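**Student:** Structure provided below as C-alpha cells; questions to follow.
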Amino acid sequence: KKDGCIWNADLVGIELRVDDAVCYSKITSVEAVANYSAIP
Amino acid sequence: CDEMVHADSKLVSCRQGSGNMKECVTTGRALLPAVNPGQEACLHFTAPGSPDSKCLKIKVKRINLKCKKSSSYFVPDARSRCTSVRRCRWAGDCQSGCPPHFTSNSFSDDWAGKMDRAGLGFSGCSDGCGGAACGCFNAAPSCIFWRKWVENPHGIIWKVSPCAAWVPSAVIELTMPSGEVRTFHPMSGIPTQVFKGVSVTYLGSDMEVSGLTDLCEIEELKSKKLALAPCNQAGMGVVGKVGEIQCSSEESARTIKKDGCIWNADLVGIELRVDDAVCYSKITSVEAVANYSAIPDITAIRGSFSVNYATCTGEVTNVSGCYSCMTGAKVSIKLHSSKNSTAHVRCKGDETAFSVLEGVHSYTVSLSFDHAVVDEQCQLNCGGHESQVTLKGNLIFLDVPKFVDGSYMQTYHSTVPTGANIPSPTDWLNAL
Amino acid sequence: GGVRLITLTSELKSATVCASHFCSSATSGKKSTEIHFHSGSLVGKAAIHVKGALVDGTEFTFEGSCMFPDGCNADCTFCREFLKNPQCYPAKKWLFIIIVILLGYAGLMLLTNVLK
C-alpha cells in the first residue's frame, strides 16, 4: 500500500488470448538465485 | 514414499457441517526434504477425530538445467522489395525543392492512402533526368518517389526469450488430497511461486550449479528442430545480433501489420539509378551467421484448504529383497476395509511412515522399504491397531554365494602364519 | 544396470512418421541418452540405463503411453562393505573349516629338497 516501494517495469508476466488474459511471471526468490553462503 | 512427514495440526478450525463426517479448513507452511529422483513424497494430514485423515503425494520425474522465459518475441523472414513511381516536373508538378516532410504511410501520389504491406517504410525523392532522353521535354530535373518493402511471403517464425542464465529444475507431479492431480514445471532452483488451487510450492536444494555463456533458445513454430545461438535480444535490435525484427504477435508474425515490432533504420538496401530504383539488402539469416551450437529439498506453502473428513485388517502376503539399495524392498499387504480409509505408521517398523489407501474390498498395496532383519510389528494402520509380523530373509548387496570361489582363496590366505613369526623370533634376538 | 551406464534393451517400433517425439527414463532417476530417434521405418532400438533391478519394468509417454514390461535378473562383482555372512556355527562347521597347518608347509619343504 505504501508508495515508497516501487515496482519494476513490465515485471508481471501478463499475456493475452482469444477471450481473456492469463497470469505468469519471471520473478526470482531470494534463495537458490543469488546465494554464495549460508549462516549456521 | 520413504520420506513422509505428518501435518502440524495445531491449527484447528473444523466446522461440523455434518455429524457423520466432519469438515475443516486450515493453512500454514511446510518444510520437506527433496526425495530421490523417480520417486514420490507423501504428506500426512492429522485431525483430532481419530477415524478420518487425508494425505498428499508429490512425484518427481527428472532433473535438468532450464531457465525461465523472461521475455518473448517472434522473428519473421524479411525480404526487401521496392517500387518506383517516376514522375518528371510539370507532369507531376512536384516542387523545385523536394519536400523534406514525407508521409511514409499515405503515399497520395499512388492511390492516396491505404494499407502499406511494408512496416513503416521510408520515402524520398531522387536525382533528375531532363530532356528528350526521358521524353517529357523539360530541361529541369525530375523527382522520383521510391518505396521499400519488408515482406514475408512464406514465413518461418522463431520465438525467443533471453533468460541468459541456467538454474536447476525438476519435473513435479501434484496430487490434491481430494483426488485431483496437477502437473507443472516449477523452477525450484529459484524461490518461484507456481499458483494452483490452494497450495503453492517454491525453491528446493541447488545441490549442484554450473555456468554457461550468454545463450538462449531458438525455437521454430512449425517445430522443424530446436536451435541455440548467442541469441542476443532486447527491446530493440542492436547491431550484429541474431534477431533484428522482434514482433509480439504470432497472428501478425506471418505478415507485418502489428506495430509492436519495429524496423531497423535504413535496413532495406534501396539504391537509385537514372530511371528507377532497385532493391538490395544486407540482412542476415538466423543460421550461418551467429551460431555456436546445434541441438540433435522441494517444499510447499499452505493456503486455505478444502480438507475433507471401521473394521480393517492388514493380512500381509509376501516380502521382497532389499537392504542398502536406493529403492528398497517392495512388500505387499492384502487388506480389506469397510470404508475407503488410510493406513498410518508402524512404530516398530523403525524405517518410515505409511500412507496406504484402501478401497472397500480386499485389495493389496505393495510398498518399498529396507531393513537388515524383519520386525514389522506395531502398525496403527486403520480403525484399530493391529500387530501382524512376518519372517523372511532380506537381500542385501553382498558377495556371490553361487559358487563360493572366495572360500578357496580365504583358506589359502592363512598360510604359514606361525612360520614367519618363528623365523622372526630367532632373528629378533640377533638383530636386537 | 547399477552404476555402469550400459544396459541391453530390445524394443521395436511400428510407425512411419519421420518426426519422432521424446522418450522416457526408467525407475530410480534415469535419463536415457537416446530419447528421440527416427521413426520412419522398422529400426530396432537399444537404450542405456543404470537400473539393475529384477523386473525392471518402466514406461514412456510420447506415443507408447505407459506400457508395463516384465523381467527377471539373477550374479555380479562380489565386492561388498560387509564381510562374509552369518553362519549356523555351533562348533560343527568351524571345526571342519580349521585343518592341519603343517600339511601346507610340507609341500613347500619337498620343493626345496628337489631344487637343491
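Ligands are numbered from 1 in the order shown, chains are lettered A, B, ... in the order of the C-alpha cells, and residues start at 1 in each chain.
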Taking only C-alpha atoms into account and nothing else, which residues of chain C lie no more than 9 Å away from chain B? Please answer as a PyMOL selection string.
**Tutor:** chain C and resi 25-31+36+75-85+97-98+101-102+104-105
**Student:** Please provide as an MDAnalysis selection string all residues within 9 Å of residue A:30, with the sequence filter that same-chain residues fewer than 5 positions apart are discarded (counting only C-alpha atoms).
**Tutor:** (chainID A and resid 35) or (chainID B and resid 190:191)
**Student:** For the selection just defined, write its residues with C-alpha atoms to a file, as a tab-separated table (two decimals), in the first residue's frame.
**Tutor:**
```
chain	number	residue	atom	x	y	z
A	35	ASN	CA	23.45	-17.08	-2.86
B	190	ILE	CA	14.68	-20.06	-7.56
B	191	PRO	CA	12.03	-19.11	-4.95
```
**Student:** Write out as a list in words all residues of stretch 58-96 of chain C that DSSP puts in helix (DSSP H, G or I) for this structure's backbone.
**Tutor:**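 These are the residues in question: residues 93, 94, 95 and 96 of chain C.
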**Student:** Would you mind exporting N, CA, C and O atoms of the selected residues as a JSON list (two decimals), in the first residue's frame?
**Tutor:**
```
[["chain", "number", "residue", "atom", "x", "y", "z"],
["C", 93, "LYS", "N", 30.69, -76.65, 12.04],
["C", 93, "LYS", "CA", 31.28, -76.15, 10.80],
["C", 93, "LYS", "C", 32.62, -75.46, 11.03],
["C", 93, "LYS", "O", 33.47, -75.48, 10.13],
["C", 94, "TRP", "N", 32.81, -74.84, 12.20],
["C", 94, "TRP", "CA", 34.09, -74.21, 12.49],
["C", 94, "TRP", "C", 35.21, -75.24, 12.58],
["C", 94, "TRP", "O", 36.34, -74.99, 12.12],
["C", 95, "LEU", "N", 34.93, -76.41, 13.16],
["C", 95, "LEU", "CA", 35.93, -77.46, 13.24],
["C", 95, "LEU", "C", 36.33, -77.95, 11.85],
["C", 95, "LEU", "O", 37.51, -78.20, 11.59],
["C", 96, "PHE", "N", 35.36, -78.09, 10.94],
["C", 96, "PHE", "CA", 35.67, -78.50, 9.58],
["C", 96, "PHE", "C", 36.46, -77.43, 8.84],
["C", 96, "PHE", "O", 37.29, -77.75, 7.98]]
```
**Student:** Against chain A, which residues of chain B fall within 12 Å? For each one I want the closest pair of atoms and the distance in Å (one decimal), counting only C-alpha atoms, rows by chain and increasing residue number, as JSON lines.
**Tutor:**
```
{"residue": "B:67", "atom": "CA", "partner": "A:26", "partner_atom": "CA", "distance": 9.9}
{"residue": "B:68", "atom": "CA", "partner": "A:26", "partner_atom": "CA", "distance": 6.5}
{"residue": "B:69", "atom": "CA", "partner": "A:26", "partner_atom": "CA", "distance": 6.8}
{"residue": "B:70", "atom": "CA", "partner": "A:26", "partner_atom": "CA", "distance": 5.4}
{"residue": "B:71", "atom": "CA", "partner": "A:26", "partner_atom": "CA", "distance": 8.5}
{"residue": "B:72", "atom": "CA", "partner": "A:15", "partner_atom": "CA", "distance": 10.2}
{"residue": "B:161", "atom": "CA", "partner": "A:26", "partner_atom": "CA", "distance": 11.2}
{"residue": "B:162", "atom": "CA", "partner": "A:26", "partner_atom": "CA", "distance": 11.5}
{"residue": "B:163", "atom": "CA", "partner": "A:26", "partner_atom": "CA", "distance": 9.3}
{"residue": "B:165", "atom": "CA", "partner": "A:33", "partner_atom": "CA", "distance": 10.2}
{"residue": "B:166", "atom": "CA", "partner": "A:33", "partner_atom": "CA", "distance": 10.1}
{"residue": "B:167", "atom": "CA", "partner": "A:33", "partner_atom": "CA", "distance": 7.9}
{"residue": "B:168", "atom": "CA", "partner": "A:32", "partner_atom": "CA", "distance": 9.2}
{"residue": "B:169", "atom": "CA", "partner": "A:32", "partner_atom": "CA", "distance": 10.9}
{"residue": "B:186", "atom": "CA", "partner": "A:26", "partner_atom": "CA", "distance": 11.6}
{"residue": "B:187", "atom": "CA", "partner": "A:28", "partner_atom": "CA", "distance": 9.1}
{"residue": "B:188", "atom": "CA", "partner": "A:32", "partner_atom": "CA", "distance": 7.9}
{"residue": "B:189", "atom": "CA", "partner": "A:32", "partner_atom": "CA", "distance": 5.0}
{"residue": "B:190", "atom": "CA", "partner": "A:32", "partner_atom": "CA", "distance": 4.7}
{"residue": "B:191", "atom": "CA", "partner": "A:29", "partner_atom": "CA", "distance": 3.3}
{"residue": "B:192", "atom": "CA", "partner": "A:29", "partner_atom": "CA", "distance": 5.7}
{"residue": "B:193", "atom": "CA", "partner": "A:29", "partner_atom": "CA", "distance": 8.3}
{"residue": "B:194", "atom": "CA", "partner": "A:24", "partner_atom": "CA", "distance": 8.7}
{"residue": "B:195", "atom": "CA", "partner": "A:24", "partner_atom": "CA", "distance": 9.2}
{"residue": "B:196", "atom": "CA", "partner": "A:23", "partner_atom": "CA", "distance": 11.6}
{"residue": "B:201", "atom": "CA", "partner": "A:29", "partner_atom": "CA", "distance": 11.7}
{"residue": "B:202", "atom": "CA", "partner": "A:29", "partner_atom": "CA", "distance": 8.3}
{"residue": "B:203", "atom": "CA", "partner": "A:32", "partner_atom": "CA", "distance": 6.7}
{"residue": "B:204", "atom": "CA", "partner": "A:32", "partner_atom": "CA", "distance": 7.5}
{"residue": "B:205", "atom": "CA", "partner": "A:32", "partner_atom": "CA", "distance": 7.2}
{"residue": "B:206", "atom": "CA", "partner": "A:32", "partner_atom": "CA", "distance": 6.2}
{"residue": "B:207", "atom": "CA", "partner": "A:32", "partner_atom": "CA", "distance": 9.7}
{"residue": "B:208", "atom": "CA", "partner": "A:32", "partner_atom": "CA", "distance": 10.6}
{"residue": "B:209", "atom": "CA", "partner": "A:32", "partner_atom": "CA", "distance": 9.7}
{"residue": "B:248", "atom": "CA", "partner": "A:15", "partner_atom": "CA", "distance": 10.3}
{"residue": "B:249", "atom": "CA", "partner": "A:16", "partner_atom": "CA", "distance": 10.0}
{"residue": "B:250", "atom": "CA", "partner": "A:17", "partner_atom": "CA", "distance": 11.2}
{"residue": "B:251", "atom": "CA", "partner": "A:18", "partner_atom": "CA", "distance": 10.9}
{"residue": "B:297", "atom": "CA", "partner": "A:32", "partner_atom": "CA", "distance": 11.3}
{"residue": "B:298", "atom": "CA", "partner": "A:32", "partner_atom": "CA", "distance": 11.5}
```
**Student:** Can you pull out the residues contacting residue B:260? Cut-off 10 Å, using only C-alpha atoms, and skip same-chain residues under 6 positions away; I want them as a list in words.
**Tutor:**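 Neighbouring residues, sequence-local ones excluded: residues 73, 245, 246, 247, 248, 249 and 252 of chain B.
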**Student:** If you measure from atom CA of residue B:254 to atom CA of residue B:115, what distance in Å do you get, rounded to one decimal?
**Tutor:**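 Distance reported for this atom pair: 16.0 Å.
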**Student:** Take atom CA of residue B:105 and atom CA of residue B:265 and report the distance between them in Å, one decimal.
**Tutor:** 15.9 Å
**Student:** As a ChimeraX atom specification, which residues of stretch 287-355 of chain B does DSSP assign to strand (DSSP E)?
**Tutor:** /B:293-294,299-302,312-313,329-337,341-342
**Student:** Quick one: pull the distance between atom CA of residue B:57 and atom CA of residue B:175, Å, one decimal.
**Tutor:** 5.9 Å
**Student:** Quick one: residues within 9 Å of residue B:361, only C-alpha atoms counted, chain neighbours fewer than 3 positions away excluded, as a PyMOL selection string?
**Tutor:** chain B and resi 335-340+358
